[PDB]
């Protein structure tokens, strides 16, 4: 098992690939029908802010900060961009909660259930997700989708245990195979 989350980056070209990115179902549909343009490992999910489009030349590299060194290639540039992060939560039984600052939207699912989302376009804003209690014996899957419709782009995910303090989400909390 590898520490951190498995990262996938998708270039989306408004026009040829369809309309502006603006909702989770649309983003998920593009992901499901396409192979990622680059992969990476998300060890510390504190990315951006960058301006001039996440899909702009050199921009995903700047956005990913120290995680850029794990990109499999320099993906093609585009108007819009999608990131997916997947792994298993390396957590004992408990009740946890995400807080996310993002531009634009995102959805976090744990064991297939939505636990945080901003289903739309927005300037960078911070939103607290719902408390969730791990259910079943696991592994406890986590799946994050995120997009930039254009302009500025930021994604910072924090995780806490109920009654505790937020920590930047990453290798401390998740692994993948």
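Residue numbers count along the first chain shown, from 1.
Mean CA B-factor, 29-37 versus 137-145: the higher value falls on 137-145. Out of 121, 49, 125, 114, the entry records its largest CA B-factor for 49. Among all modelled residues in this chain, the alpha-carbon of residue 165 has a temperature factor (C-alpha) in the highest third. When all modelled residues of the chain are sorted by CA temperature factor, residue 74 is found within the middle third. Annotation for residue 129: CA B-factor lies in the highest third of the chain's modelled residues. Among all modelled residues in this chain, the alpha-carbon of residue 81 has a temperature factor (C-alpha) in the lowest third.
Ranked within its chain, residue 89 lands in the highest third, by CA B factor from the PDB record.
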